[PDB]
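The residues making up each chain are set out below.
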Amino acid sequence: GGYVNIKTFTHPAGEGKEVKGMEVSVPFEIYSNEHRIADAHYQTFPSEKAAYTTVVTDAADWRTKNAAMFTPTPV
């Protein structure tokens, strides 16, 4: 149970594009059931309560934010 507090760090992702960091608290079961780790630009620590303002509501919400961690966007 509990939450998985994820903080991703902003980093360049191709000239003209990048990936904006984020802070999101994910319910453990939702996180363990499915998650994608592609780079090392993140950090994780568990806790009983959500540590960040943005809290994942459901499996679909997590897949969206998780994918947002890798989708390159113009600066």
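Residues numbered from 1 in each chain as written, not as in the entry; some residues may be left out. Heavy atoms only, no water.

1. Comments concerning the pairing of strand 4 (residues 22-27)
Sheet analysis places strand 1 (residues 3-8) next to strand 4, joined by six bridges and oriented antiparallel. The residue of strand 4 that forms the bridge with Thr8 is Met22. Pairing of strand 4 with strand 6 (residues 54-55), which is carried by two bridges, proceeds in the parallel orientation. Directly across from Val24, in strand 6, lies its bridge partner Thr54. (Pairing = 2+ DSSP bridges. Helix = DSSP H or I, 4+ residues; strand = E, 2+ residues; numbered from the N terminus.)

2. Focus on the environment of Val75
Position of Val75 among the secondary structure elements: in the segment after strand 7 (73-74). Distance from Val75 to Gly14, taken between C-alpha atoms, is 10 Å for residues 61 residues apart in sequence. For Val75, the contacting residues outside a window of four places in its chain are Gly16, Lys17 and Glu18. (Contact = heavy atoms within 4.5 Å.)

Function cannot be inferred from these measures alone, as they are strictly geometric.
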